[PDB]
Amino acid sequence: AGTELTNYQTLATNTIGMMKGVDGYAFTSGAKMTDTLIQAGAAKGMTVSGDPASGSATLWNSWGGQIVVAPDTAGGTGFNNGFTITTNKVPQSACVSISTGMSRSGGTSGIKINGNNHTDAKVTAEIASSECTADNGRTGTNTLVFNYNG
């Protein structure tokens, strides 16, 4: 899951870089935010395809699960909040590797594995192995969320 880890990390870097220049407006949907990021070339290493519902490109992980970058409740008075990167249908092993890896990278402001929100951004292999659920045949059943800025 090394490639995957790097994709999420650079995607996050690229997004943080893009948002440093935005002012006066915010994204209200993950769809728009993800399509824009894709347009800007912030997700080259990942699978890019068509949604579509209004000509918006979608992002997909190595397993065919959707990856969505979305604003973390846009608004709040002052600096503009953060964003989250959610990746779906992640297989058991990958879940453990990616979650703990993202924890070590130290770049997030929180890491979620299914209904478990590690707001301290600390996820150990012991925790991940338990929280990451079993695959259904060849299909992953985990949803991971990486929180940034806010």
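Residue positions are given as counts along the sequence shown, with the first one as 1.
Per-stretch averaging of Cα B factors for 8-16 and 137-145 places 137-145 on top.
Legend: mean Cα B-factor per stretch from the PDB entry, 33-41 versus 108-116; the higher mean is in 33-41.
Considering 64, 91, 82, 101 together, the PDB entry gives 82 the largest C-alpha B factor. When the modelled residues of the chain are ordered by their C-alpha B factor, residue 86 lands in the lowest third. The entry lists a Cα temperature factor for residue 123 that places it in the lowest third of the chain's modelled residues. Among the modelled residues of its chain, residue 58 has a C-alpha B-factor that falls in the middle third according to the deposited record. Among the modelled residues of its chain, residue 26 has a C-alpha B-factor that falls in the highest third, as given in the PDB entry.
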